[PDB]
Each structure stands twice: as structure tokens, then as C-alpha cells.
């Protein structure tokens, strides 16, 4: 029930702003000074202008390194987020990974849904559950996902903990 630093980076629903205290709302108390994610009054910096930073709440990183929505942000020059132009990836784009766990479809584009996450999915939030570990040719997970004891790709205590063969294994 806490957002931002005090909530493990959770994000408020419907673009609600996370105040500097970790609570969700709308208004200057939440959206003004110290806003953490959501519809903050001052846009967070992103991409090239902000060391390759990603925007929260799936916001588009505009060509000038500002987070937002609308033509100016998702339109021409958009450096990340749900950009108006197809985002390439996969063997098709030198092993690039989609930002924010988006699936690299079989064709080399970034999205979320059966078309990207299903059959052929290359990296990200694939729903294919392709096997890893000693159990699977000693193959590794993409996105540095933790290969669990049971030979599964995921993120979490179950995956990243006790039994993790490879991946971002807890240490």
C-alpha cells in the first residue's frame, strides 16, 4: 500500500502520483514537490539525457529526455516507452532487449500480448516458459532472469534464491 521508495517502487493505478512519503493521490501534495512516479508536475528525466533512465508507469521518453504521453513524447524522436514507431529487437537488431520486460516478438518488434509474448518470443515476458538449467542443455534465461532449481525463468524469491542455476541469482 506504499508507492515509490517506501513501497519497493510500486506505482499507483491510473497515473496517480506517489507523494514524497510513499502514498498515492492527485493534487499538489502528491504531484508537486517530491513526487515519485505517476503524473508528477515536473517530468522525470529519461534516456540519453538521463543516463539511459527508463520512464516509470510505461511513459514515453521524448527526444529531449522528458517523460510523458501524447505526440510530443511518443511521437517523433521518442527514445523509449510505448513509442508511436515500432521498436526493434531480437536477433534482428543485434540481440537488443525490449525495455521494461516487453516481449521481443518472433519478428523483431517490442510489445506485450500473444503476438509478442507467445510462440517465437525472443526475450522479455514471454509466456512460453521455455526451460533452462542443467535440465535444458544448460541454456540460460534472457533478461538475466533467474533460472530456478526446477529449471524455470522468473524473478522472485522462488527463482532467484535457493537452487538458482544461473540468472540474477540472489547472493
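Numbering follows the first chain given and starts at 1.
Higher average CA B factor in the deposited record is what I'm after, so tell me if that's 76-84 or 89-97. Higher mean C-alpha B-factor: 89-97.
Comparing average C-alpha B factors as deposited, tell me which of 13-21 and 146-154 sits higher. Higher mean C-alpha B-factor: 146-154.
So if I compare the CA B-factors in the entry for 56, 49, 36, 62, which one is the largest? Spelled out: the listed residue with the top C-alpha B-factor is 49.
Hey, what third does residue 108 fall into on Cα B-factor, ranked over its chain? Lowest third - that is where residue 108 ends up once the chain's C-alpha B-factors are sorted.
State the tercile, meaning the lowest, middle or highest third, of residue 131 with respect to the CA B-factors recorded for its chain. As the PDB entry reports it, the C-alpha B-factor of residue 131 lands in the highest third of its chain.
What third of its chain's C-alpha B-factors does residue 70 belong to: lowest, middle or highest? CA B-factor rank for residue 70: lowest third.
Chain-wide C-alpha B factor ranking for residue 28, given as lowest, middle or highest third: Its C-alpha B-factor, which the entry lists for residue 28, ranks in the middle third among residues of this chain.
Which third, lowest, middle or highest, does the CA B-factor of residue 138 fall in along this chain? As the PDB entry reports it, the C-alpha B-factor of residue 138 lands in the highest third of its chain.
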